[PDB]
Every structure is written in structure tokens, then in C-alpha cells.
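Data first, discussion second: the structure below is written as C-alpha cells.
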Amino acid sequence: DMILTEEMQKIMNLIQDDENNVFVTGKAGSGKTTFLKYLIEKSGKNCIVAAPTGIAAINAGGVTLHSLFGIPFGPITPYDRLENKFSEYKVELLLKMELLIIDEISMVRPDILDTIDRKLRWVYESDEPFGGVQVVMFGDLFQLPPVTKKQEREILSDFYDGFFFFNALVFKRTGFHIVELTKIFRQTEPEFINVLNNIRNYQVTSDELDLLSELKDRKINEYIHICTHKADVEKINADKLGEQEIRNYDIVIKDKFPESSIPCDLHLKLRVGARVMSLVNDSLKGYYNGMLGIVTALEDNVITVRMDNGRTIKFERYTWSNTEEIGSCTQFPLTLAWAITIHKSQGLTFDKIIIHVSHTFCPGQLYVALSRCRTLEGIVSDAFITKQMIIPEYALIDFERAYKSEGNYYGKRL
DNA sequence: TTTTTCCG
Ligand SMILES: Nc1ncnc2c1ncn2[C@@H]1O[C@H](COP(=O)(O)OP(=O)(O)O)[C@@H](O)[C@H]1O
Ligand code: ALF
Ligand SMILES: [Mg+2]
């Protein structure tokens, strides 16, 4: 029931005939990730798939960029020395790879792409960008941008003219075609589609937004909550958890580990039937950051979860390090997940959603929230949708103007 | 504000 469009066929043929890098873009729900999976299945190339968030990576069938390439947290400058500590298994996988596929490219920082370039040139012992691997990037720059803190932007501004993937320094040595998928599949209502598109490109009017008046406090566990803020996610999850038959698991912290740096729950509260997400990758055991499941049993030292993909996993406690090394913390690598942030929702489709957007603070955040849903009637909102929720990023206007006027190509022409 | 590592 997947439709192969002529645009998709042309892009397939482009990637097979032309070794250039490619950005496949298009609006929310235009079939980008669906086509990604088609491209790989049909290409004869060895492909590896990655994405910046764990949820998006799982949705595309791959792994996070940070896991695949062993990337540390925090900004990486071109002068920082990288630990090249790949196992032989990982080196071999990266050497066999012919095509690197990255989904949700909009959330990829430019220093992440440059780190990937540097690590691949080290693995391949080559001066070719990305070690000579062909890179195909999928996404929508008008959805969420990469997560950066103010201090990180300050550090990065010495080397980067902006904070989107196309600002990476590697694009002074290589470049990419931009191709687009222009048919929307996720939604089917033309007026809903028109308002989504005009929110996306900042052109929406007051009159167009009137279509969304029925969202706020709409009268109706089928509705999925997606929120701008983690504090809201935590409240909704605690509500849905309840107080019946709860088990609590306390973190053990050992020495230095600021509380604002702890990656896990301080007091993990669970029950049988609880919707949860894995926080860590363990490919040997078949689980990965962002994988979703349902708790089926709780014990002293083991939490049993039936994953959405049908696997039952027995989670034991995991130990994080804060480094060199000074302190550590130990806790089950699980967190409740009925509710999720909008950043985590990017890439997913839902029939029924409740969005908490009374405070938006990222370009593309409102657009991602609304565009998750297949129909207008399936959205409930905590707030009236207004133009103040839209935050323009004019560097994206400049970028599209540049490539559209220069032959749908960006970066160094080869 | 929001996110993210290293196959035993
Ligand atoms: N080629 C296609 N034919 C039919 N339906 C599609 C196609 N591509 C996507 N869809 C529908 O749209 C939904 C979202 O598509 P997806 O690939 O996730 O969009 P994108 O990654 O562009 O946001 C899918 O769940 C499916 O219902
Ligand atoms: F562009 Al998408 F889900 F990947 F809307
Ligand atoms: Mg997608």
C-alpha cells in the first residue's frame, strides 16, 4: 500500500548513478522516512542508518549518531582531539559501509557532522570527506533545529557561521544535491495541510489559524500527550502511573555527579502495565535508546518489559560515569513514556494527540506538534494556537534561496 | 527550555 512516486523513482536513480551526497527533504509526512527504508531495501549498497534522537533512529531502523560514531556530549571544535577508540567490530562495520543514511537531519549540529567526517577519515585513513562514503541525509529544516545551549553556541560561534547541519566545515570540501518529496501522505485534509504548511514557512495568517480554534480544550489512554517541556511530560506520566501497586527504585549516586547532570530517574516509579522507554543502547541484548515497551513484571533487581517490537527484555541496573572518572550513578535505564517531548515526537505519526504548547521556545516546535497527527479532529491543545508560537529562523530562508538559485546544490561543487 | 557516546 506504499505508493512509489515519480519523485521517489528519480531520487533512487540519482543516488545509484551519481556518487554525490544528497539531502532529501520535504514537508512533514511526505514519506521521507518511508522512502528511506525503501531506498535501502532496494539499493544494492551496504547502508548504515542513524539519526540524532533515539526515537527517530528506531523509527528509521538505525541507531543514534552518538552511539554509531562514539561522539562525546558537548561542543566539539575542530581543534579538540578525538579519542578514536572504535572496536574492531565497529571499524569493520564502518569500512564495509558504502552509504551513510542520516534521518531527521534538521536536529544534527554542524560540529556533529564534522566529527563524523573526522572519524571516518581516521577509519579509512583517507583525506576524502567522510572517508569517501556517500552520505544521504533526510529531513526538514523547518522542523526542530539541533539542541544547543547558550554556552555551546558561544563556544561554537568561533568556528561556525550558524548552527544547522549545512554550516558544517566539511561543506567547504564537499557538497550535496537537494531533492524534495512534495506529496503529503500523513494528512489528507487540504485545509489542514494548508495551515500546517503556512505555519511551517512562517506565512500563516490570523484567518488561516481560525481553522484550529476547535483544538483548545476539545471535548472527548488513546490520546498521546506531547509537550514542549520535560516538566510537563513528568507530570502527565505520574498522573497516568497512579498510586496503585507502585514500586519505587532509588538511584545510587557515588561521589561527584551533579543532580542536573544525572541521566536517569532519581526515584524510578513503576507498575505492571506502565508505558516505558529504554534510556541506553545494548545491541547485544537487542535494546536501544528510545525503544518503547510495557512493563510486565517488577522484581528487586530486574524489570521485565515487553517491547513494542514483541521482544521481552529483562532490564538490570545500569551504571553511568561522570568524567575522569570521578563519580557514577546506578539505576534501571528506563523512564515512563506515555507522554513525550515534542523533540522526541519528531518523526512519529499518531491518530490522536494532546499537545501542550502554551509555551513554545524553538523554531519548528509548534509545526512538529501539529503535524504528528493524521487528522485535524484528532488534535487537542492546552492553548489557542497563535502566531506568537512561531519563531522564524531567517538563516533557513537564506539557505533555501541559496540552493534553489544555484542549481539545487549546496557546498563545494566537485 | 530541548538531546546525545563507546558492542562482551
Ligand atoms: N509512499 C507512501 N505511500 C503511502 N503512504 C505513505 C507513503 N509514505 C508515507 N506514507 C504515510 O505517511 C505516514 C508518515 O510518513 P513518514 O515516512 O513518516 O513521513 P516523513 O518522514 O516525511 O515525516 C506513514 O505512516 C504512512 O501512513
Ligand atoms: F518529516 Al516527519 F515525521 F519525519 F514529519
Ligand atoms: Mg521521517
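Per chain, numbering begins at 1; letters A, B, ... match sequence-line order.
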**Item:** With sequence neighbours excluded, residues passing ring-ring contact (aromatic ring centres under 6.0 Å, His included) with A:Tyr394
**Value:** none
**Counterpart residues, salt bridge (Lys or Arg N to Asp or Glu O under 4.0 Å), relative to A:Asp111 (two or more places apart)** = A:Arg109
**Pairs satisfying side chain to side chain donor-acceptor pair (under 3.5 Å), at least one member in residues 271-287 of chain A, at least two apart** = A:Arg275-A:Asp308, A:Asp282-A:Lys285
**Message:** Could you work out, with salt bridge (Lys or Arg N to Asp or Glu O under 4.0 Å) as the rule, every residue matching A:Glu128, not counting sequence neighbours?
**Reply:** none
**Request:** Go along nucleotides 1-7 of chain B 5' to 3' and tag each nucleotide: B for a protein heavy atom under 4.0 Å from its base, S when only backbone or sugar atoms are that close, - otherwise.
**Result:** BBBBBSB
**Request:** Not counting sequence neighbours, which residues clear side-chain hydrogen bond (donor to acceptor under 3.5 Å, both in side chains) with A:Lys412? List them please.
**Result:** none
**Message:** Can you list, in residue-number order, the parts of residues 111-120 of chain A that come under 4.0 Å of DNA chain B, counting heavy atoms only?
**Reply:** none
**Item:** All side-chain contact (heavy atoms from CB on, under 4.5 Å) counterparts of A:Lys216, not counting sequence neighbours
**Value:** A:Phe384
**Message:** Suppose we screen for ring-ring contact (aromatic ring centres under 6.0 Å, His included). Which residues come up paired with A:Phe35, at least two apart in sequence or across chains?
**Reply:** none
